[PDB]
Amino acid sequence: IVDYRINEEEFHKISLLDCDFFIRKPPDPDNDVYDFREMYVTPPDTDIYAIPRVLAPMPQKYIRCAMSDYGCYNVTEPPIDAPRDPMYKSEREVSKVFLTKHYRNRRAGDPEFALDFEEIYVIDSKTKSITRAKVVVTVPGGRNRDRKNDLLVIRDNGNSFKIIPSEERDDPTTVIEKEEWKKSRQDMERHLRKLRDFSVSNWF
Amino acid sequence: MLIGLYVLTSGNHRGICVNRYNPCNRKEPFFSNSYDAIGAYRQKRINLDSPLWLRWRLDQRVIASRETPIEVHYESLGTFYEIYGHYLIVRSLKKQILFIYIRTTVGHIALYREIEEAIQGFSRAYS
Amino acid sequence: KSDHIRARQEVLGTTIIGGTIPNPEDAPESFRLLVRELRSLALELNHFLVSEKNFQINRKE
Amino acid sequence: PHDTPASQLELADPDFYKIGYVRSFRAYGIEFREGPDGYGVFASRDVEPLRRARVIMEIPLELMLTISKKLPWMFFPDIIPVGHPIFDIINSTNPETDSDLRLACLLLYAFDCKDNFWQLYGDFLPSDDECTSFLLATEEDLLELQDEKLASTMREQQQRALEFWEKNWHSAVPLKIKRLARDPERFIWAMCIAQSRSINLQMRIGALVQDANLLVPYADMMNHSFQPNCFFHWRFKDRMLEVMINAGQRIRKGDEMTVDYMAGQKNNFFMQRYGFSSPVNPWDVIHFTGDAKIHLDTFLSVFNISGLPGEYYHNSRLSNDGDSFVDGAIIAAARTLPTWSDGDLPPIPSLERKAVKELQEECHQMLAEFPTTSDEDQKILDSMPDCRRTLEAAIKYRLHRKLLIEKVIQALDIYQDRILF
Amino acid sequence: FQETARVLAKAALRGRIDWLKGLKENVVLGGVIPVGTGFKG
Amino acid sequence: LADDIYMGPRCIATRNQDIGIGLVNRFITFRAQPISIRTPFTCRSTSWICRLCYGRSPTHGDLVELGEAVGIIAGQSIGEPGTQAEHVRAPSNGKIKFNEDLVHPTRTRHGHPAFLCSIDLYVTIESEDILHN
Amino acid sequence: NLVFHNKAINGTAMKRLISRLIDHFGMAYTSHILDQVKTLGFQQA
Amino acid sequence: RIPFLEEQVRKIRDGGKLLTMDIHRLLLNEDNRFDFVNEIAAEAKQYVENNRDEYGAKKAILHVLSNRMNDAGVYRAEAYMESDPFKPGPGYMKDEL
RNA sequence: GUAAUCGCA
DNA sequence: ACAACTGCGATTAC
DNA sequence: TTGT
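Residues numbered from 1 in each chain as written, not as in the entry; some residues may be left out. Chains lettered and ligands numbered in written order. Part of a larger assembly, values for the part shown. Heavy atoms only, no water. Residues with missing side-chain atoms left out of burial classes, pairs and counts.

The name given to chain G in the PDB entry is DNA-directed RNA polymerase subunit beta'', with the source organism recorded as Nicotiana tabacum. The PDB lists this entry under the title "The cryo-EM structure of the Nicotiana tabacum PEP-PAP-TEC2".

Going by the PDB entry, chain F carries the name DNA-directed RNA polymerase subunit beta'' and comes from Nicotiana tabacum.

Here it is as structure tokens:
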């Protein structure tokens, strides 16, 4: 606990499921400049500030980043105790926030604008920690690869980051069918294992 | 009627039943309106259990599990595609929900449309 | 519809003419039978309704 | 194009109706038209005299802010979560005298509370400049009021508001409270909205029947009248507030739907709570210390007033048109004028003439007491087309009181004339 | 309902008076039952 | 309800209020202490009851209106419905390996010999590819 | 405002949905909703 | 506005569900339904006593309900009575399955 | 009008 | 001493 | 009969 109440007007307020993250914002025309020198984490809608867990080397200079949100929608069924009581309740339930630095700190309105997928900072509400993501560049070109053709694939609950070309992508139907087929194969093998003839058998 | 409703809302073959080989080595129909999908089903273009994509107008009323996106595609220009289990939510750099597409069958949309149209016809006939 | 002879007789006339059917106030033939039976068994039974206005007892036969 | 009170104004924004509509608010037969004074409700259909009331508005409970009157503070539109210090602020108030403070705090929290109808409805609420309440008034307006009692009461209410803001909204208060009313002007405006648009009705939800103070949207856009066309009824089954036209009354297209606030109060209470004044108020009281007494029966006869002292109306059926001098002003006069009734003794013309001349002298004295005249007030009013709403309300109150005194004089003169027939 | 003759003889010897505040009492008498529409309020 | 429920200064529900599923959920969430409710037991008469003592009507979902006969209804609602050693199995084919010194010999009720177990033991089903415990 | 269901509907789910519809829209709308549901069910069966 | 809701509203109006909707609307404004039933019965009795020959194919109770609905701002046919314009001829009656 | 006997759901 | 499902329909026998 |  810092024990002093900061002025949240000069900070970036990022809301999470169980936490609120504050990052100092330098004066800028477009609110996309972040200062990672001063940062605080608070309980949900609480004015008791604290120091977050810095688990990775944080940038010590002003950088222009793009915020994103990661989570799952919780569509519940609230009890109906009134005539016009709502039939459903939908919540975004953000879990991880991704900060993607702009290439060369360029503005969004510039003629050449690209996102630097090599410097990703994630924020976790469960662990109350901010760390730097580990990406696996696989696009040919090394460090001279053009940033106008890049695709960042995020899987495994925000733990796997890969940079692949834009043309080499899979449609949503493909990945959905892949995961469904994998789960179905695993469950079918689990079900058929208990049969006394599973040993002398063949999956066709 | 219970049997009919169960056949409507049962679902589709999802895993090994729908495909013989893993799609790793390698759904299709896209309908803007529910009326188009129902007309295609009446014209026998798509089967009852055949999967399809239906565009929704920013409602997010589909009940589903609390599961993170299985895969997220983020391009340089700022638009990131979030692929979920049963729906696709395209967004832009401004954190604006551009498009939402639900992955379902003609049975669920038929049940939803018939209930909604019953309510709306009651409300209209009242006046 | 079951037992009230007078009311039933009047029901056909009121339906053919079209007038409203009044509510019967007399006891049905089943109750009257009971009274007769019980009084054959030397037991009395009287309705004896009392008016709340003037506190008078009126027997219904 | 027939000239109607609705035609002179302009139609309101479509959005104003729409936000309510998507939330189940329903309006039948009425139109919302905006104007220089503010929003108002007008008819759009010809309604013949009906056997029973007709519902023009159906307002759900989920769009309203309601606080119970008695000590257990029950928020049936429960937007305040448990443990929030806004409830600690609300509860730390006297139950009987101060009720606008709790409504103001609830309105501020509703403005803060997300996915709330009041967040969108506040844009259509009158701003600090558009508001006509005397809480948002300068000392110049209170001095122009020319009434020491009313100015003192309004200054005391403003002081109470400032003291409450300074006590509850201190520096050590949490940020969730501080963001509600960062400046005291916001809290004063919230109190103004609460006082000027409060409804006191008895409501039944489930099995509990209680009386409460509610802030109901789309029902505060109806103007005030002493001969109302509608009233606020409550429906417990659908849990909605319904505005119903009075039965047996004929409403034509273009008429303005009106409801009555504080039936039986003087212009002082109206000017205090809603910042409004009416020249035809039938409940105005003029303190006359003259020993003279007019005859009440002959007065009501010559002015064709019929009914008990608790219900006075002009019998226009006996009136046969003609006399339109009769209105709420003469009714309030007959109520306030000193009167004598002794069985069936007939009045004496000489005694009544002496009485009316003494009353006219006292009225001329009271009129000379104010350092202004009706013509000067009217000229000052027309000289300033655009000005502070509070100053306009003050000069209108002065003009209304002066016109009431003048009409009392004229009514006494007409009585003196017509008594000798 | 079970022992008609016994309760009848007992009420006859006592001289009991029954006020028709029940349903079957008005049913036997053939009158309006004080339930629902028969309840005057 | 017959008494107010208080969680600190705030009152969750006052007297003469009809409990609902939302109120019950709030009570079980806030871990409410014994709650005073109205019931046909606490009524002041045996020939008749009142709306508050009975509560919500089963038909529509509001207070019972005056003139309703709840006695007959209860009788019918009670009469009409009046008409109406786990065995562990081998997960796969294989050999069983366990320490016999911990188990005590005994005779089963089926006349078969067996090992009595009284302490947590781990047995391994040794199969072609996997081990099960 | 109604939810969209992507799961199998059974007797208990139908009873829950009918109870919720009776609570929200009332019995009047629920009657027509149930008639339309019966028609669609018979058609699909 | 849904595009393909003409026949549904037509069938709702023709069948008589309007009567059920009006009954629900009139019961949503009454504490005790039994007193409402008694009031409707008394009003229908007065209507019958006023004009006997008027009724016989038109129901007085439906007439009372239609008058109460029309006095509330909702247009309803008198006694909810409608005739089939597509009738073939006299003596021909529709068969409602 | 009462019994006996069977059936019905 | 007392009571032990609700009604309906058919026949023959008095 | 079965139990009251």
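Draft legend 1. Representation of the sheet that holds strand β3 (residues 95–97) of chain F within the structure. Residues and elements named next belong to chain F. Spatially, three strands are ordered β3-β6-β7 in an open sheet, and the strand pairing comes out antiparallel. What marks the edges here is a single partner per strand, and that holds for β3 and β7 (131–132). In the sheet, strand β6 (residues 124–126) pairs with β7 via two bridges, with the strands oriented antiparallel. If you follow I125 over to β7, its bridge partner there is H132. (Pairing = 2+ DSSP bridges. Helix = DSSP H or I, 4+ residues; strand = E, 2+ residues; numbered from the N terminus.)

Draft legend 2. Spatial organisation of the interface of chain A and chain B. Listed as interface residues are 46 residues of chain A and, on the opposing side, 42 residues of chain B. Elements with a minimum of two residues in the side of chain A that touches chain B: β5 (63–71), β6 (74–76), β9 (115–124), β12 (151–155) and α1 (172–193) of chain A. A per-element tally of the side of chain A that touches chain B places α1 of chain A first, with 13 residues. Residues that form the side of chain A that touches chain B fall into these classes: 22 nonpolar, nine polar and 15 charged. The sheet contact formed by β12 of chain A and strand β3 (residues 71–75) of chain B spans four bridges and is antiparallel. Within β3 of chain B, the residue paired with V153 of chain A across the bridge is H73 of chain B. (Contact = heavy atoms within 4.5 Å. Nonpolar A, V, L, I, M, F, W, Y, C, P; charged D, E, K, R; others polar.)

Draft legend 3. Quick peek at the sheet that holds strand β7 (residues 199–205) of chain D. Residue and element names in this part refer to chain D. With respect to topology, three strands assemble into an open sheet ordered β6-β8-β7, the strand pairing being antiparallel. Every interior strand has two partners, whereas the edge strands, β6 (65–68) and β7, have only one. Within this sheet the neighbouring strands show an average axis-to-axis angle of 45°, counted without direction. Against the sheet, helix α3 (residues 100–112) touches β6 and β8 (208–215), its axis set at about 145° to β6. (Axes fitted to C-alpha atoms, helices over the stretch in contact; angles between N-to-C directions.)

Draft legend 4. Structural detail: the nonpolar core. Core analysis: the largest hydrophobic core is formed by 95 residues, its most contacted members being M57, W169, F187 and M257 of chain D. With 10 residues, α3 of chain D is the single largest residue contributor to this core. Within the second largest apolar cluster, 39 residues are counted, among which are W56, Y87 and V106 of chain B together with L40 of chain G. (Core = buried A, V, L, I, M, F, W, Y, C linked by side-chain atoms within 4.5 Å. Buried < 20%, exposed > 50% of the residue type's maximum accessible area, 1.4 Å probe, protein only.)

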